[PDB]
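Novice: Got a structure for you, questions after.
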Amino acid sequence: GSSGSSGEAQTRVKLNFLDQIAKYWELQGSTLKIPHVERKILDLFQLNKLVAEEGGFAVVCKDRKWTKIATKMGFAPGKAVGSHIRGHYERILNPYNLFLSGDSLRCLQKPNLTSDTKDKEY
């Protein structure tokens, strides 16, 4: 009969995720704190969420569809924020996903220190 209700979660829906990802850290003994993107807190939860909605990490990366997300987060359509999205994940959502996946193999590729050699003559 009477159909017309509304009141989905807003602040909680976000806290939920953070809480979970936080428990993973609180265990080791580290404090979870989100950075400030363009003078605006970057809500990881949503961030990643939007990405999947637009297509996914793979697809998005292929078509570099990062501008859409970042921009949708209130950020300006540039480049800096573009790479930021990825990093934020590899900086915070690095381990969380490293375990969620299961495949121990999946790990952050470490670089190869650069060496230098000098030679003189008489």
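Novice: Roughly speaking, what is the centre-to-centre gap between the range 1-65 and the range 99-122 when only Cα atoms are used, to the nearest Å?
Specialist: 31
Novice: Would you look at the GNM of the chain, springs on alpha carbons closer than 10 Å, and say which of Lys72, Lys33, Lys110 moves the most?
Specialist: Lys110
Novice: Now a separate question. Where in the range 32-51 does the amide nitrogen come within less than 17 Å of the point 7 Å from the Cα of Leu15, taken along Cα to Cβ?
Specialist: Of the residues in the range 32-51, 32-34, 43-46 have backbone N under 17 Å from the label point off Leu15.
Novice: So what is the calculated 222 nm ellipticity per residue for the chain, using -39500 (n - 2.57) for each DSSP H run with n of 4 or more, over all residues, to the nearest 500 deg cm²/dmol?
Specialist: Helix contribution divided over all residues of the chain: -15500 deg cm²/dmol.
Novice: Taking 28 Å as the cut-off for C-alpha to C-alpha distance, list the pairs among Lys23/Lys62; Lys33/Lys79; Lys23/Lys79; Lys72/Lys110; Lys33/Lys65; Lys62/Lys110 that go past it.
Specialist: Too far apart for the 28 Å limit: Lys23/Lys62; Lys23/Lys79; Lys72/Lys110.
Novice: Could you compute the longest span of the chain free of GluC sites (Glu not before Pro) located in DSSP loops and having at most 15 other Cβ atoms within 10 Å, not counting the site residues?
Specialist: Longest stretch, sites excluded: 39-120.
Here, each number is a calculation from the coordinates, and none is a lab measurement. Backbone-built Cβ (ideal geometry, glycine too); neighbour counts: all protein chains shown.
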